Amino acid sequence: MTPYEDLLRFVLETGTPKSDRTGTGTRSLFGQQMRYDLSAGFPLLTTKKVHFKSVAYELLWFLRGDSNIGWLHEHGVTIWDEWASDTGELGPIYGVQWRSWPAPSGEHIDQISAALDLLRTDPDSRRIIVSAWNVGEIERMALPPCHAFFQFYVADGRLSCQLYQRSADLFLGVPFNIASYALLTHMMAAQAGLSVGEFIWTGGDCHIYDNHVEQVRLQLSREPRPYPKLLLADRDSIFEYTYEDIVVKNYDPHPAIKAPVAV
């Protein structure tokens, strides 16, 4: 069961050559989807060693409502370096919108807490939504949100999550995005008293950068292994999880594959 590798393969073989903002060049398809059953295992890719430490801290950083890379650096995470100001600022990106979307009245909306409240008290709501796409603040962001809009759903005590990702760096970004949202779904489920269901990833521009092609072919030559299991320590609040609360059990990946990020 390898939704990611299958999509990666499909784009590599059928994607159209496309120019891009970074001036790197891509092969690209539009409107592709992946589904993972989280109850079957944690979707941390096994066909290459994914630096889950960076995934976990990045998500914790989002949950803090932070947009300065300082806290990431203190924890040894450098994935946001290339877009940050000299003072470490990224503008009001993901975390700021998730935790403190500025409402016209001057109040700040905590969408994460609001979503959790709905999961607990109105699980059948069709409005359990979090958006990072704050149209009036996009221009202030170092990069507009890639993982932009997501929704939760509950069936028979099982929590599902669907993400709309407008732009998908398939080799570097997407493995992080999948693991990040899977982890978030486990967190939200834990806090809402639910089990985990499906993660559905829906992409806009799904692309392989032209300087990632050798890395992709290498990865696609490897046989998938069983997924690890995620174990999350007890906390009374999603905002109280720490890195140490997050345990990935039996992660047995093939070797890491290095590739340069498009800036």
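Note that residue numbering follows the sequence shown and begins at 1.
Student: Going by the B-factors listed in the PDB entry, is the mean over the C-alpha atoms higher for 60 to 68 or for 204 to 212?
Tutor: The entry gives the higher C-alpha B-factor average to 60 to 68.
Student: Between 47 to 55 and 234 to 242, point out the one with the higher average CA B-factor as the PDB entry records it.
Tutor: Higher of the two, by average CA B-factor, is 234 to 242.
Student: Checking the entry, which one of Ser167, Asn177, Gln151, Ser105 has the top C-alpha B factor?
Tutor: Among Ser167, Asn177, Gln151, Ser105, the PDB entry lists the largest C-alpha B-factor for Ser105.
Student: In terms of the CA temperature factor given in the entry, to which third of its chain does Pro255 belong: lowest, middle or highest?
Tutor: Middle third, going by the recorded CA B-factors of the chain.
Student: Report the third (lowest, middle or highest) to which the CA temperature factor of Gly173 belongs, ranking only the modelled residues of the same chain.
Tutor: Its C-alpha B-factor belongs to the lowest third of this chain's values.
Student: Per the entry's values, where does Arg9 land by CA temperature factor relative to the rest of its chain, in the lowest, middle or highest third?
Tutor: Within its chain, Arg9 is a highest-third residue by C-alpha B-factor, going by the deposited values.
Student: Can you tell me which third, lowest, middle or highest, the CA B-factor of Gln219 falls into for its chain?
Tutor: Ranked within chain, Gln219 CA B lands in the middle tercile.
Student: Compared with the other modelled residues in the chain, in which third is the CA B-factor of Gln32?
Tutor: Middle third by C-alpha B-factor.
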